[PDB]
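In: Return atomic coordinates for the entry below.
(chains A and B)
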Amino acid sequence: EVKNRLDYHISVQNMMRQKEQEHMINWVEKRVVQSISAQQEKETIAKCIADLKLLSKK
Amino acid sequence: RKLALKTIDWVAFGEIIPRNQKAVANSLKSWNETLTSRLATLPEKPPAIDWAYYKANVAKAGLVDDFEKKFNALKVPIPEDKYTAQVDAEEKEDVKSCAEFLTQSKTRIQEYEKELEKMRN
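Out: Residues are numbered from 1 along each chain as shown, chains lettered A, B, ... in the order given. Structure as follows:
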């Protein structure tokens, strides 16, 4: 009978972290992303590693 | 209360003949024996709480601690029971055994076995 009371509170805090995760995630992922390509040279760091794949994948 | 046991001696148990309590014994064996094995089942107690943890992820930990202190403090009364008149419902059909046939039988046995010797002559 004790456990139920406790487990409810545990279950809420887990479920609230998952919801905060989805919502945090949806805002985070929707907010930040832009500088990879607003710096076109952070797609040059892709091109750089890709030229170091070009040469240095083999 | 909890479990008890007395003089469970099943053969003579049913055998009683105080008729409105005679019948009872025959069933009371099986009620009992079922009982005895059914207790023989259970655990007595369950775990002891990991309170250190439940504070962790019940971060309404006032609740945990409230219930923790309460659980640490929480000590059940014991059960109810009522048929300790059976103790004395015994003593009546405890004198029946005695009086009726304790004494009758010694009396009777005396004359008869004595009654062997003299007519053995």
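
In: The longest helix along chain A packs against which elements?
Out: Longest helix of chain A, by residue count under DSSP state H: helix A:2-31. On a contact count with 3 or more CB pairs under 8 Å, 6 or more residues apart in numbering or on different chains; DSSP states H and E, helix A:2-31 meets helix B:61-73. Just so you know, the C-beta spots here come from the backbone N, C-alpha and C atoms, and that holds for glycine as well.

In: how much does the helix it packs on deviate in direction from helix A:2-31?
Out: Interaxial angle, helix B:61-73 versus helix A:2-31 (axes from the mean of the first three to the mean of the last three CA atoms, to 10 degrees): 160 degrees.

In: buried stuff in helix B:61-73?
Out: Neighbour-count burial for helix B:61-73, with 16 or more other CB atoms under 10 Å in any protein chain shown as criterion, is recorded at B:63, B:64, B:67, B:68, B:71.

In: before we move on, what about stretch B:91-102?
Out: By 16+ other CB under 10 Å, the buried positions in stretch B:91-102 come out as residue B:93.

In: From one end of that stretch to the other, what's the distance?
Out: 14 Å (CA to CA, to the nearest Å).

In: Need the residues that contact it.
Out: For stretch B:91-102, contacts defined as CB atoms under 8 Å, 6 or more residues apart in numbering or on different chains pick out B:16, B:18, B:21.

In: need the helices for chain B, in chain order.
Out: Under DSSP H, chain B gives helices at B:10-13, B:19-41, B:51-56, B:61-73, B:86-95, B:102-119.

In: that older thread, mark which of the contacts of stretch B:91-102 are buried, thanks.
Out: Buried among those by 16+ other CB under 10 Å: B:16, B:21.

In: The contacts of stretch B:91-102 into a markdown table, with extra columns for distance to chain A?
Out: Listed next are those as a markdown table, based on distance: CB to the nearest CB, whole Å:
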| residue | distance to chain A |
| --- | --- |
| B:16 | 43 |
| B:18 | 44 |
| B:21 | 40 |
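
In: Show me what the helix or strand harbouring residue A:56 is packed up against.
Out: Taking DSSP states H and E as the criterion, residue A:56 maps to helix A:41-57. If contacts are counted by 3+ CB pairs under 8 Å, 6+ apart, helix A:41-57 sits against helix A:35-38.

In: mind checking how far the helix it packs on is from the chain centre?
Out: 17 Å (CA atoms, centre = their mean, to the nearest Å).

In: likewise stretch B:48-55?
Out: 38 Å.

In: again, but for stretch B:72-80
Out: Between the centre of stretch B:72-80 and the centre of its chain there are 22 Å (CA atoms, centre = their mean).
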